[PDB]
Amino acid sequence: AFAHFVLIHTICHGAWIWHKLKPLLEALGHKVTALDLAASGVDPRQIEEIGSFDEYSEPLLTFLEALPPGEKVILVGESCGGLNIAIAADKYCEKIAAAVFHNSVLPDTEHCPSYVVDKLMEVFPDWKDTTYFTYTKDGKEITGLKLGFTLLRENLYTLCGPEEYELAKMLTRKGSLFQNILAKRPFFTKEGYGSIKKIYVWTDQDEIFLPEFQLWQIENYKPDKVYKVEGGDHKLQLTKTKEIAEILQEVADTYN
């Protein structure tokens, strides 16, 4: 079967992280959309204009609104992209055949939207040379960050080529987790987000979303299907592109 995959990058990244996976899925016959979220990739906004993870998710919500009645997509979110999936699922669950988490945060419905992020910060507290700043938007102080190049090299792109790590140094932008905004956000709902099929893909070789955090998430909110990719690193769409396309082909053949 063929499906329409919507690939969703993590904070401080853009559609460009999917440049190896998108031609591979298209060579299997799939339709692929790789979005830039607000103030990400070559999106024209700067992060200081964005006041919440929901506003940050606007390109994804706008894309889903533009789907004609009856067209379903498989969302694929990497790293912080699972939060954009949860936001989208509470507005457009009928348009989502399934959601695939790729070394991703897995929000739940029982605890507040910041829960798995708060736990990530406990498991991975030192972000090395990452720099931080604050700005004010809609009466709230938001902490922005720019991922440090040593953190990028050692923990996110550990086994990626120098030309792939070069793209990350050239293209990663200032972003935000909007952690304090998520903490006061209404909980993700059981009827929207809670209802979609959730496939959790991970590697135990991930150097930032460590095995303790990812296994903690799988136990906290049981996925419908779990795929563990052997080897690779946090950016499995670069180090294990072929294995991620094989898994996504299987999801396309299982959920519609």
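One rule holds for the numbers: they count along the sequence shown, beginning at 1.
- The mean C-alpha temperature factor is higher for 113 to 121 when 113 to 121 and 75 to 83 are set side by side.
- Averaged over their C-alpha atoms, the temperature factors of 217 to 225 and 24 to 32 are higher for 217 to 225.
- As recorded in the entry, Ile47 carries the highest CA temperature factor of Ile199, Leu61, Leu210, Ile47.
- Highest C-alpha temperature factor among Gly175, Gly148, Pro186, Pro107 per the entry: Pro186.
- Annotation for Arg153: C-alpha temperature factor in the middle third relative to the rest of the modelled chain, per the entry.
- Sort the chain's modelled residues by C-alpha temperature factor and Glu166 lands in the lowest third, per the entry.
- In the PDB entry, a CA B factor belonging to the highest third of its chain's modelled residues is recorded for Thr143.
- When all modelled residues of the chain are sorted by CA temperature factor, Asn103 is found within the lowest third.
- The entry lists a Cα temperature factor for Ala97 that places it in the lowest third of the chain's modelled residues.
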